[PDB]
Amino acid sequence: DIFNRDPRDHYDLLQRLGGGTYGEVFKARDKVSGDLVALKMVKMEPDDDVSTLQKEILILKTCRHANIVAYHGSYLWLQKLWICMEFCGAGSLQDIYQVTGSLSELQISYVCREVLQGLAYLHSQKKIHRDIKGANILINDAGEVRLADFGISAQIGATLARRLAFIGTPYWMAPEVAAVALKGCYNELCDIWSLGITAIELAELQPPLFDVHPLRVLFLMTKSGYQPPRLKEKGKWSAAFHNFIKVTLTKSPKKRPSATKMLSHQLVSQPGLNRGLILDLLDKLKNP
């Protein structure tokens, strides 16, 4: 679904949401339906070709699940690629917790369940996300949870190249990912570790060791006695939440549970985990 035309033929842009090295993200409205969408603009380089683009764009269409932002279409126009996707109006979990403060245990439990459903899908497709963190998990206005994309392997062209060249920030990375040159390699269970880190992030407003220099953190993950992190406050959280963190942050990947196994954990299988918990969080955001 690549159109060689101006995306403004089909969409009215409404707001510029964010930017980066990747490019620009916009809230837009479908001119027929009136439905909101997100439009992501990336600049095309002279090196880039439409044959490699079509294949990359095809995978965006097919790697489909309720807990991953849905792809609608793409536009190639004036050396800019626009990707059209499902709108998640509350932004990322980072956007939310930086305003609301720490999520409740039930809110975190719901988010973790929803992310794990996405991961179980991706892992079943033999895909490693590699980028699970609060900033890459979006919330729509109905309180539903969506991964921004299927992770590092969803990135296109020069953005993908940069992602391979620079491992980036290590705070959510499994130690086996950090140490891939030095020890033996990694697999999809790195995402489970990342989810454990994310649960702490939502609880405490930052991942463990966030005040330590990232090169120092990366270095410490190489050494034999790297200790998995823990929640700082004992009394605030249930035994189930502490145990969820313990098991997701299992140091040995051989012993770390799969996404589907984690979905049977007490924390994420308890009743009353629904989007209403996040509707309450968004009502708190709106009406502090």
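The numbering used is simple: start at 1 and walk along the sequence shown.
Original post:
Hey, which bit's got the bigger mean C-alpha B factor in the entry, 135-143 or 162-170?
Top reply: Per the deposited B-factors, the answer is 162-170.
**OP:** Determine, for stretches 64-72 and 220-228, which one has the higher mean CA B-factor as deposited.
**Re:** If you average the C-alpha B-factors of 64-72 and of 220-228, the larger mean comes out for 220-228.
Original post:
Quick one: which of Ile96, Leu182, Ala154, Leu116 has the biggest Cα B-factor according to the entry?
Top reply: Answer for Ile96, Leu182, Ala154, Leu116: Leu182, with the highest C-alpha B-factor.
**OP:** Pick out which of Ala239, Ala28, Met44, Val247 has the highest C-alpha B-factor in the PDB entry.
**Re:** That would be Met44, according to the entry.
**OP:** Looking at the entry's B-factor column for C-alpha atoms only, identify whether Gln79 ranks in the lowest, middle or highest third of its chain.
**Re:** As the PDB entry reports it, the C-alpha B-factor of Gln79 lands in the highest third of its chain.
**OP:** Compare the C-alpha B factor of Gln54 with those of the other modelled residues in its chain, then answer lowest, middle or highest third.
**Re:** Ranked within chain, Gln54 CA B lands in the highest tercile.
Original post:
Among the chain's modelled residues, which third holds the C-alpha B-factor of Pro257?
Top reply: For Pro257, the deposited C-alpha B-factor lands in the lowest third.
Original post:
What third of the chain, by the recorded C-alpha B-factor, contains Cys190?
Top reply: CA B-factor rank for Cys190: lowest third.
Subject >> Ranked C-alpha temperature factor of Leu215 among modelled chain residues, by third >> reply: Tercile = highest for this residue's CA B-factor.
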